[PDB]
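Protein chains in written order, with the authors' numbering: chain r, 2 to 101, 113 to 219; chain i, 34 to 54; chain 2, 2 to 160; chain s, 4 to 174; chain m, 5 to 298. Even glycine gets a Cβ: it sits at the ideal position worked out from N, Cα and C. The next block holds one structure in the form of structure tokens; read it before the comments.
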Amino acid sequence: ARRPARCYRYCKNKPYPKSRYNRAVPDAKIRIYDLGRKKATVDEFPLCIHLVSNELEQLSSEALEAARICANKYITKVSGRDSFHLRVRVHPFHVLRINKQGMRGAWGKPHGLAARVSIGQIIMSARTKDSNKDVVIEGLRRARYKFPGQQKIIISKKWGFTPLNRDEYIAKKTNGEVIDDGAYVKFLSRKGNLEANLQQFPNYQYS
Amino acid sequence: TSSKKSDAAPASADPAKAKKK
Amino acid sequence: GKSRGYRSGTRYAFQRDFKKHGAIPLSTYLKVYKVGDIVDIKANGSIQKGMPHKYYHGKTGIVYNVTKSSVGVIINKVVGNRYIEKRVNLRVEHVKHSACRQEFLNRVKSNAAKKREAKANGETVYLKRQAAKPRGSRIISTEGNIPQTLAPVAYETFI
Amino acid sequence: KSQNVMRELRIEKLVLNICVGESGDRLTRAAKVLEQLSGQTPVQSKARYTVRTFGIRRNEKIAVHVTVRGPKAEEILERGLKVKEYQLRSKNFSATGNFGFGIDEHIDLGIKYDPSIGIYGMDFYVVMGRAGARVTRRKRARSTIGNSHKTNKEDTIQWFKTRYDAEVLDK
Amino acid sequence: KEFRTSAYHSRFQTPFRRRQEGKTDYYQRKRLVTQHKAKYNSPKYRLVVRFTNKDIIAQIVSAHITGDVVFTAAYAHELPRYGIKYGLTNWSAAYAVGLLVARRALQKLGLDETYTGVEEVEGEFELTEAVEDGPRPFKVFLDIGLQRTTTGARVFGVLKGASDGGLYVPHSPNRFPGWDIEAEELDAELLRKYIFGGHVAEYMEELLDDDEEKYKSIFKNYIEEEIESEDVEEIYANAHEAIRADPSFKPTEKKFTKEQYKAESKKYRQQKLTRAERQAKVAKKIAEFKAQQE
RNA sequence: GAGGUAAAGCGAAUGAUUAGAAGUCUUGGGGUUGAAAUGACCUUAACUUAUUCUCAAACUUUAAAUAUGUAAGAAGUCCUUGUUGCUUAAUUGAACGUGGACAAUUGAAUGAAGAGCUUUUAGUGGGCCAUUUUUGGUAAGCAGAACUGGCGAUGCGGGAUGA
RNA sequence: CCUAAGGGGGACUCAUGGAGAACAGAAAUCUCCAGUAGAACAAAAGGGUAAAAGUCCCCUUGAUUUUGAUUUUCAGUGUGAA
RNA sequence: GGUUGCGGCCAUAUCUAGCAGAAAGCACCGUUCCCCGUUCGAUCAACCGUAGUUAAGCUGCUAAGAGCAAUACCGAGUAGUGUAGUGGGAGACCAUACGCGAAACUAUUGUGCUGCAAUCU
Ligand SMILES: [Mg+2]
Ligand SMILES: [Mg+2]
Ligand SMILES: [Mg+2]
Ligand SMILES: [Mg+2]
Ligand SMILES: [Mg+2]
Ligand SMILES: [Mg+2]
Ligand SMILES: [Mg+2]
Ligand SMILES: [Mg+2]
Ligand SMILES: [Mg+2]
Ligand SMILES: [Mg+2]
Ligand SMILES: [Mg+2]
Ligand SMILES: [Mg+2]
Ligand SMILES: [Mg+2]
Ligand SMILES: [Mg+2]
Ligand SMILES: [Mg+2]
Ligand SMILES: [Mg+2]
Ligand SMILES: [Mg+2]
Ligand SMILES: [Mg+2]
Ligand SMILES: [Mg+2]
Ligand SMILES: [Mg+2]
Ligand SMILES: [Mg+2]
Ligand SMILES: [Mg+2]
Ligand SMILES: [Mg+2]
Ligand SMILES: [Mg+2]
Ligand SMILES: [Mg+2]
Ligand SMILES: [Mg+2]
Ligand SMILES: [Mg+2]
Ligand SMILES: [Mg+2]
Ligand SMILES: [Mg+2]
Ligand SMILES: [Mg+2]
Ligand SMILES: [Mg+2]
Ligand SMILES: [Mg+2]
Ligand SMILES: [Mg+2]
Ligand SMILES: [Mg+2]
Ligand SMILES: [Mg+2]
Ligand SMILES: [Mg+2]
Ligand SMILES: [Mg+2]
Ligand SMILES: [Mg+2]
Ligand SMILES: [Mg+2]
Ligand SMILES: [Mg+2]
Ligand SMILES: [Mg+2]
Ligand SMILES: [Mg+2]
Ligand SMILES: [Mg+2]
Ligand SMILES: [Mg+2]
Ligand SMILES: [Mg+2]
């Protein structure tokens, strides 16, 4: 049925997504990309840990699903279902093709899905508390076994899923420049309608 | 006599979208 | 099935510029083209009559014939190991005066002006153009600008 | 000044619609009723497309409508408001300051009844506007109307209550 | 969905400045202005005819890249100098403006003795014919702008005046008042009636014996000059003659100088705030917003 | 001058796509408080608003590198006025001209066993390989294109050996 | 495939959204506002198009005659088309 | 300098919401015998300039306004890329050498200029 994963590791063809030109494409095995306590506020989980690709490579949707399941199972088993928020950061949009007379009319049919990842591209991100660091790292390290190639586990300099360092976030928070938005936050802008900006951020200490 | 407008450009029987629940 | 029609592969070449579709600004129709003028060719997709072939989009040539709404332009096209003289009839919507004349025609006047004035002063002037030459010697003052020492920085991850 | 003479509300036009669901003699008799009421030749509207449920087809002459302006529009409007006994609802006024109602029998207006004609219901719509709407309707230099000069629901409601001594419900 | 997003404004392509104003029909403008490329820099000359609520503007224009250049111009408000003081927007006032602009342009050119025009206006359709062994008549094309082409429109009054004044303006008579569409011939009698204000005089006569109060309100200026219908024609008939005697343009004497006008207008109209002023405004609005902190 | 590929973008159009948050009078349903009220409520799902993760050979505002068209004068630039059945309202222009002015730094570099021209005829019309770009294919000492350089057609030193 | 779906001129603005009007309802017809084209343009797709090339109206046959030049494919041969 | 007619470039000119507008101009505005077009003198046509108004159009100003335009010890000499090696690496790919070199992002500034004719406190 399914060929060995070694047949589709490298980005040899141009991107081939589902479209109006290929229509009979199956669905990716991964459908859920956010796990754990995804409704947790930004302030609850300051520590972010990434699983980063050190390869220009293709990861199948099957491998993504397997790694997601492994990491989620381990972390909920060790620390509880509400101790983390796991996010899969690569979406499989590239369609693989299978052919099987001979080489005549050999354009293949859709066979599976893979995400094309670059070097330094984040594959999985996990926001949690500091005390659960050693757990979350081991959750990603096991998931590494389900992937081909080399991956690195990198502790982020930033607060959770924000683009601000762990010191700039505190500065923008004590300055009233950050408000909650559910699982994410909104930052203050010094452009646009002054009244709407002021209304959205009441605690803004202007200088 | 009187009527001659329809400044639109309609397709076939096109009961327009709408037509749902 | 192979496809090779007249306007094949001109999807982006013959597009109007972004936020510039529609009516032609009328300076295009008020310009006056004379035989011997140098003109750039750029097909306007919204006028399909007197339209150039896709080869001439981006080519520059000499006007040889002027008609009611069109000009004839002479282009030299490579066919194998030589050039062939092509005579294309183009409506004036696809044509604009070439800016290479205005640079060279100004240098002729400037050279003429320089020649007459040195002659007035009974001296000489050199009109040949020169490529950029290596720079001369110079002295760098350090008052307020004492050199600051730099070093390569260590490696960090910012993700 | 908001109390300017040119800010005076007044009727722009009245449009009378009879959407008889079929084509032929009945639509013609509705057109006869409209020509009787307005004194002007009305215009018949054709269905824009086909619906089998309503028994209509594209380009089948379905409805008939007519536009009246001036004193005759005012006379027809009060003749129709008598049938409504001068009582509309708040829901009946659009955000652009236009309003409408629908009578159910055309003999209540005050015209002779004919057995051949029968009775048709009728739809009334009044288009409101201040002076200067020609800006939006002229050919050359067409522009938009300023915000204070715009017609809205509240101004039209108050003007209607004042000019007709009627009641605007809200059920 | 909110429709007017920032992306909607980003991708909107504004039309030509004078098209968004609704003043120039660029289709018609392109067809009128564009000149045969083999006639090079010889310009096409346009008869721009525009009607305001009180005035008729007729100009002879040639177009260039830096902008149009006016050759001559005749306005309807010049008419009081020639003896027409009221009804400056008649069809006949249009005829008078066309005749005036034709004579003024020909005076500027030098084609006065040649191409006098139709000196005896009988209402017959006629085109300015070229003189053998002589310069061709000044050729001009009609530019009615956004105004609709209707049989009886006032723009063709300027047309007929300019045609009768000696300018060559190509046209047909099926848009003149008095054209019988059923019997495709021109009733030159009715056209001649319209040229000399006959319809207005007939309105005066018909209103005076029917609604005297309305005649008193509509035709006030006529009442205080004691000008009746029977001498209406003379008002035009003399004016025509006067227009041909001295068609030169005489500018109005200005009660103030250009500098005085500029200083007076410059006293009004607000001037933009400095960056610092609006920064201070923003700071004040921020401080005064602290009172609704709840 | 032309271009629309790489990169880039998606709180920009189109199309795909993950997650919450706050709202609204077609909320789409379950249980209410209902006697009904639909008049509220608990809930889930929709949309809307400001955000969020990830994408495109047959998407795109922007937009390279390499490559590509034209020009760099004497057949040039300027002045005056001749020809015509073409053109202008014209004594306006168009083209081709008579007469006059601008002298070797005559208007970039570099090179040039010098430039231009004609006739006639052979063989050939199975190709293949290497870097880089690249399509089908799991792939292949597989099949197919782009630019250049090579082998064929070529010996010589090296790669033991080898188109 | 089309006597218009060709040609000329003129008037209008399309898809769509919001708010309103007896029967009338998600869908009949009418009204205002909004509406950069999100429609439509015979057809496959791309391009192009808004006082238009779209919708509607009026008049027409330039879808005519004589033969050359030219563009593309190109050997700078033919055919088709322009 | 204001305003009108005709324009060039075609948003630094557009969009939203407020506020102001002397003179003239423009505008709204009044009327339906006549030329003319409509279901409707609403649009178009004609007449009056006579009865009225700056409410609107138009113009200017305001907005940590949207958009747009311009600039850069912004990001970034990053991504990409011409050229080179008997460079690294099993590979995927990566580093280096002589050259070329973005976009997003960020910050700041700005928000039509102008030609011909006419006219005006
Ligand atoms: Mg491949
Ligand atoms: Mg096949
Ligand atoms: Mg691994
Ligand atoms: Mg093909
Ligand atoms: Mg293009
Ligand atoms: Mg054609
Ligand atoms: Mg026109
Ligand atoms: Mg370039
Ligand atoms: Mg391409
Ligand atoms: Mg790409
Ligand atoms: Mg999207
Ligand atoms: Mg990418
Ligand atoms: Mg740029
Ligand atoms: Mg010659
Ligand atoms: Mg040598
Ligand atoms: Mg041979
Ligand atoms: Mg042979
Ligand atoms: Mg042979
Ligand atoms: Mg052989
Ligand atoms: Mg190869
Ligand atoms: Mg091969
Ligand atoms: Mg083989
Ligand atoms: Mg290549
Ligand atoms: Mg080699
Ligand atoms: Mg050889
Ligand atoms: Mg060798
Ligand atoms: Mg050897
Ligand atoms: Mg070896
Ligand atoms: Mg047609
Ligand atoms: Mg048209
Ligand atoms: Mg609208
Ligand atoms: Mg077909
Ligand atoms: Mg057509
Ligand atoms: Mg034929
Ligand atoms: Mg034929
Ligand atoms: Mg050929
Ligand atoms: Mg051929
Ligand atoms: Mg005033
Ligand atoms: Mg009126
Ligand atoms: Mg009118
Ligand atoms: Mg005002
Ligand atoms: Mg701004
Ligand atoms: Mg090796
Ligand atoms: Mg480099
Ligand atoms: Mg970009």
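Setting aside the 5 residues that flank it on each side, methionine 125 (chain s) is surrounded in the same chain by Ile21, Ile106, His109, each with a C-beta closer than 6 Å to its C-beta; the list follows chain order. Using a CB distance below 9 Å, the part of the stretch 167-181 of chain r facing chain 2 consists of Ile167, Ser168, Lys169, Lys170, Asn177, ordered along the chain. For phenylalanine 293 (chain m), the closest Cβ of chain r is nearer than 8 Å. Residues of the stretch 37-51 of chain r with a C-beta atom less than 8 Å from some C-beta of chain 2 are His51, listed in chain order.
For the stretch 119-148 of chain m, the full-length beta strand (DSSP E) segments reaching 3 residues or more read 145-147 along the chain. For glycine 102 (chain m), the uninterrupted alpha helix (DSSP H) run begins and ends at 95-113, by DSSP. At a cut-off of 4 residues, the continuous stretches assigned as alpha helix (DSSP H) that sit fully inside the stretch 13-91 of chain m are 21-24, 30-37, 83-86. Beta-bridge analysis with DSSP links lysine 64 (chain s) to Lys49 (chain s).
A straight line joining the alpha-carbon of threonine 56 (chain m) with that of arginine 60 (chain s) spans about 48 Å. Proximity to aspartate 147 (chain m) across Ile64 (chain m), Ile222 (chain m), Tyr44 (chain m) peaks at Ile64 (chain m), based on C-alpha coordinates.
Segment contact: the stretch 66-77 of chain 2 against the stretch 17-28 of chain 2, fewer than three CB-CB distances shorter than 8 Å; contact not assigned. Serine 14 (chain m) and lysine 30 (chain r) have their alpha carbons spaced roughly 39 Å apart. Close CB contacts of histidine 68 (chain s) within its chain, under the 7 Å cut and outside five residues either way in sequence, are with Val18, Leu19, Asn20, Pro45, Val46, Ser48 (chain order).
Look at the beta carbons and you see the stretch 132-151 of chain m not touching the stretch 182-191 of chain m: under three pairs across the two are nearer than 8 Å. For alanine 98 (chain s), the closest Cβ of chain m is not nearer than 8 Å. Unbroken alpha helix (DSSP H) runs of no fewer than 4 residues, entirely contained in the stretch 180-245 of chain m, are found at 192-199, 202-212, 216-222, 224-228, following chain order. Non-local beta-carbon contacts of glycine 161 (chain m) in its own chain, meaning distances under 6 Å to residues more than five positions away in sequence, involve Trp95, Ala98, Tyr99 in chain order. For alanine 49 (chain i), the chain s residues whose C-beta falls within less than 9 Å of its own C-beta are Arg51, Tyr52, listed in chain order. Per DSSP, the continuous alpha helix (DSSP H) segment holding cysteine 101 (chain 2) begins and ends at 101-121. Here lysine 112 (chain m) has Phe75, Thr76 as same chain residues with Cβ atoms under 8 Å from its own Cβ, once five neighbours each way along the sequence are excluded. DSSP lists no bridge partner for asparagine 215 (chain r). Within 10 angstroms of the beta-carbon of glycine 102 (chain m) lie 16 or more other beta-carbons, which makes it buried.
Beta-bridge partners of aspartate 38 (chain 2) (DSSP): none assigned.
Any Cβ of chain m closer than 8 Å to the Cβ of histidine 22 (chain 2) would place that residue at the interface, and such an atom is present.
Comparing alpha carbon positions, the residue from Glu189 (chain m), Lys258 (chain m), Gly127 (chain m) closest to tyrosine 198 (chain m) is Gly127 (chain m).
Interface flag for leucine 97 (chain r) against chain m is unset, since no Cβ pair is found closer than 8 Å. Three or more beta-carbon pairs drawn from the stretch 208-218 of chain r and the stretch 183-193 of chain r are found closer than 8 Å, and the two stretches are therefore classed as touching. By the neighbour-count criterion, in which 16 or more other beta carbons inside 10 Å mark a residue as buried, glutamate 210 (chain m) falls on the exposed side.
With its beta carbon at least 8 Å from every one in chain m, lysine 153 (chain s) lies outside the interface. Nearest to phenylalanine 163 (chain s) by alpha-carbon distance, out of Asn150 (chain s), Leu80 (chain s), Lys153 (chain s), is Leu80 (chain s).
Within a 10 Å sphere around the beta-carbon of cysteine 49 (chain r) sit 16 or more other beta-carbons, which makes this residue buried. Excluding five sequence positions before and after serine 62 (chain r), the CB atoms of its chain that fall closer than 6 Å to its own CB belong to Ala29, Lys30, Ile31, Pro93, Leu125, given in chain order.
Distances taken from the Cβ of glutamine 133 (chain r) to the heavy atoms of ligand 3 include none shorter than 7 Å.
Close to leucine 206 (chain r), with beta-carbon spacing below 9 Å, are these residues of chain m in chain order: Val286, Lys289, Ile290, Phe293. Rounded to whole angstroms, the gap between the alpha carbons of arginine 88 (chain r) and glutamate 66 (chain r) is 12 Å. Only residues of its own chain outside the window of five on either side were considered, and among them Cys49, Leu176, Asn177, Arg178 have a CB closer than 7 Å to the CB of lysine 170 (chain r), listed in chain order.
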